[PDB]
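For reference, the structure discussed in these notes is given below.
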Amino acid sequence: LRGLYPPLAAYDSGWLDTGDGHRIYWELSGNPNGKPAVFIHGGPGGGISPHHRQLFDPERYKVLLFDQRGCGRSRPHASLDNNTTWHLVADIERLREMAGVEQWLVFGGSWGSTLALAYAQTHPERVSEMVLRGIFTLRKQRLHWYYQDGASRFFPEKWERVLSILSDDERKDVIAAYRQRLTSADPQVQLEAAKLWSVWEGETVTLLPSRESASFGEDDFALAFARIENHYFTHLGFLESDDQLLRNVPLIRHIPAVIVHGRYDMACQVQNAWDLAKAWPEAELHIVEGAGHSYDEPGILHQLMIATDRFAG
Ligand SMILES: CC(C)(C)c1nnc(C(=O)[C@@H]2CCCN2)o1
């Protein structure tokens with residue numbers, strides 16, 4: 001099984017002012033003359049990791065990685081002002097012009113696959129190839145599955161913790177209930193709910209229990225993670241219709257793509273990947289047996305490495 005390339009530092013980085021109150025952190029890794037690619041992290045509000053650099057051949061790729069508005073090293077931290085899907089799409093174009101890229105490979109998993117699709121369908125001309133993982137298209141059925149009733153049935157003991165702070169009425173609409181707390185004037189109220197929300201996800205993204213999950217409970221990370229995620233879900237991803245990302249697939253069918261999805265992905269059902277593949281025959285679908293959601297699930301990582309390697313010749 002293929003693994004990550006060796007660790008390496010970015011060769012350049014900085015903050016880009018968007019003009020509307022945001023300074024987004026970005027970095028360039030790999031070969032300044034290599035094949036251009038952009039990495040889109042998940043969440044939303046998840047942030048990039050130095051390990052995301054090791055997903056592309058150091059000798060053949062010129063990788064641009066960045067923290068989306070309000071998370072990671074992008075300022076202001078945990079900000080929900082001017083933080084929507086369409087602003088992020090604009091941010092990607094801004095970063096592309098900065099790095100002087102005319103066209104690049106879009107690598108995105110989870111919410112990153114959601115933004116990757118939104119971006120690609122808005123600027124088809126700027127996308128050379130796509131590598132998608134753990135497909136998430138933001139349909140009501142998807143949000144209901146992970147945050148109302150669905151995954152809850154596979155992790156009943158964990159789901160009870162999420163509901164522990166809600167009254168009987170609030171439990172009717174968990175997303176809405178958490179929205180109130182996450183937007184409370186009381187920082188303590190925000191943090192208590194941010195932690196519960198983030199740990200739920202942290203403990204359900206891998207087939208087997210991981211020690212990595214504990215980091216989802218870290219105060220600063222959790223605060224921005226939960227606030228931003230809940231904000232996007234409260235607004236239905238700022239899409240004009242439930243299946244926007246699926247009905248606009250015709251706009252990108254000519255683009256070479258690889259879809260990798262874990263069979264037992266509990267955050268995003270494999271049905272999403274199947275639905276996408278059905279509308280996108282050209283794409284190559286890889287359903288990884290025995291794997292969960294996370295990009296570093298052995299079998300999922302293996303397919304990701306092979307995909308980027310092949311697209312780089
Ligand atoms: C693996 C990665 C860090 C990209 C990740 N983990 N979870 C996500 C998400 O985008 C999930 C999907 C529903 C809500 N948050 O993305």
Side-chain angles (χ1 to χ4, degrees), residues 22 24-25 40-49 67-85 87-88 109-115 134 136 138 140 142-152 155 157-167 170-206 210 212-238 265-268 293-295:
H22 291 276
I24 54 184
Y25 176 79
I40 307 180
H41 73 240
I48 60 174
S49 166
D67 280 328
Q68 290 151 47
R69 302 189 172 200
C71 75
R73 280 187 275 182
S74 290
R75 311 302 189 195
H77 177 264
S79 169
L80 300 185
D81 304 305
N82 280 183
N83 200 338
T84 78
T85 305
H87 286 93
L88 303 186
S110 218
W111 150 262
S113 75
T114 314
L115 185 52
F136 188 36
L138 235 308
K140 285 284 301 181
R142 346 284 246 40
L143 298 177
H144 181 80
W145 159 266
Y146 202 36
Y147 302 106
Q148 191 54 53
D149 176 56
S152 50
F155 303 88
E157 81 279 27
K158 298 186 183 297
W159 187 239
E160 287 193 4
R161 280 187 295 171
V162 172
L163 306 179
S164 70
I165 59 171
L166 311 184
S167 73
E170 303 186 295
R171 304 186 178 192
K172 304 287 187 178
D173 191 320
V174 177
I175 290 173
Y178 270 73
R179 171 68 171 181
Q180 291 308 80
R181 295 174 169 64
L182 289 169
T183 62
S184 175
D186 183 345
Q188 311 303 169
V189 171
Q190 293 191 179
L191 187 66
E192 157 180 270
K195 286 182 171 176
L196 285 174
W197 174 284
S198 307
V199 174
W200 159 250
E201 181 162 332
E203 296 180 0
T204 55
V205 293
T206 56
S210 160
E212 290 293 303
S213 66
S215 62
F216 277 71
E218 286 189 55
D219 289 41
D220 281 61
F221 166 76
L223 196 285
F225 187 66
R227 270 171 63 82
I228 294 173
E229 274 195 345
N230 180 291
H231 172 69
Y232 275 68
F233 301 163
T234 290
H235 299 77
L236 293 311
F238 305 91
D265 183 334
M266 286 292 136
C268 308
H293 181 63
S294 190
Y295 87 100

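Side chains are part of it too, since the values below use all heavy atoms of this structure and drop only hydrogens, waters and symmetry mates. Heads up: numbering here begins at 1 and tracks the sequence.
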Go through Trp197 and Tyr178 one step at a time and tell me if the ring pair (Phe, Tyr, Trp, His ring centres under 6.0 Å) criterion holds.
CA-CA 8 Å; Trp197 174 284; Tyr178 270 73; 5.6 Å; yes
Test of understanding: with side chain to side chain contact (heavy atoms under 4.5 Å, CB included), list the residues that count as partners of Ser213, not counting sequence neighbours.
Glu203
List for me each residue that meets side chain to side chain donor-acceptor pair (under 3.5 Å) alongside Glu201, sequence neighbours excluded, and say none if there are none.
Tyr147
Main chain of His231, side chain of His235: is a donor-acceptor contact present, judged purely on distance under 3.5 Å?
yes
Sequence neighbours excluded, the answer for side chain to side chain donor-acceptor pair (under 3.5 Å) partners of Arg142 is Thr137, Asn272
What is the minimum heavy-atom distance between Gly217 and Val199, and which atoms define it?
CA-CG2, 4.0 Å
Can you name the residues that form a side chain to side chain contact (heavy atoms under 4.5 Å, CB included) with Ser74, not counting sequence neighbours?
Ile24, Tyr25, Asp67
Taken in chain and number order and not counting sequence neighbours, the residues that satisfy salt bridge (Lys or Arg N to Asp or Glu O under 4.0 Å) with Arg171 are none
Specify the closest pair of heavy atoms between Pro187 and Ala185, including all atoms of both residues, with the distance to one decimal.
CD-O, 3.2 Å
With a 3.5 Å distance limit and no angle check, can you tell me whether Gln68 reaches the backbone of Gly45 through a side-chain donor-acceptor pair?
no
Distance (rounded to the nearest 0.5 Å) between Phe238 CZ and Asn83 CG
7.0 Å
On a heavy-atom basis, which atom in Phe221 and which in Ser215 lie closest, and how many Å separate them?
CD2-O, 3.8 Å
What pairs meet the salt bridge (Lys or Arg N to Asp or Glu O under 4.0 Å) rule with one or both residues in residues 188-200, with sequence neighbours excluded?
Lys195-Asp219
Inter-residue atom distance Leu196.CG - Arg161.CZ, 0.5 Å rounding
8.0 Å
Return the set of residues passing salt bridge (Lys or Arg N to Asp or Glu O under 4.0 Å) with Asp81 (not counting sequence neighbours), or none when no residue passes.
none
Within this structure, what is the OH-CD1 distance for the pair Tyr232 and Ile175, rounded to the nearest 0.5 Å?
15.5 Å
How many angstroms lie between CG in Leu236 and CG in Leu143, if you round to the nearest 0.5 Å?
6.5 Å
Evaluate the side-chain proximity of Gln190 to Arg227: yes if any heavy-atom separation is below 4.5 Å, no if none is.
yes
Using 0.5 Å steps for rounding, measure from the OG atom of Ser113 to the CZ atom of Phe136.
8.5 Å
Sequence neighbours excluded, the answer for ring-ring contact (aromatic ring centres under 6.0 Å, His included) partners of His22 is none
Listed partners of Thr234 passing side chain to side chain donor-acceptor pair (under 3.5 Å), at least two apart:
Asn230
Flag, side chain of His293 to backbone of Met266, donor-acceptor distance under 3.5 Å:
no
Over 60° means perpendicular and under 30° means parallel, so tell me whether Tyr146 and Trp200 are parallel, tilted or perpendicular.
tilted
Nearest 0.5 Å, what's the CG-CZ distance between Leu182 and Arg179?
8.5 Å
Check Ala177 against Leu166 and note the closest heavy-atom contact, atom names and distance.
CB-CD2, 3.8 Å
Residues passing the side chain to side chain contact (heavy atoms under 4.5 Å, CB included) test with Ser49, sequence neighbours excluded, are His51, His52
With sequence neighbours excluded, tell me which residues meet side chain to side chain contact (heavy atoms under 4.5 Å, CB included) with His87.
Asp20, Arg69, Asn82, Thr84
Strictly by salt bridge (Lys or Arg N to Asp or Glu O under 4.0 Å), give each pair with a member in residues 181-190 just once, sequence neighbours left out.
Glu170-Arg181
Just by modelled atom types, is the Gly237 backbone N or O under 3.5 Å from a matching donor or acceptor in the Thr85 side chain?
yes
Can you name the nearest heavy-atom pair linking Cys268 to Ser110, along with the distance?
SG-OG, 4.4 Å
Got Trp159 and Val174 here, is their nearest side-chain heavy-atom distance under 4.5 Å?
yes
Should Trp145 and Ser152 count as side-chain neighbours, where that means a heavy-atom distance under 4.5 Å?
no
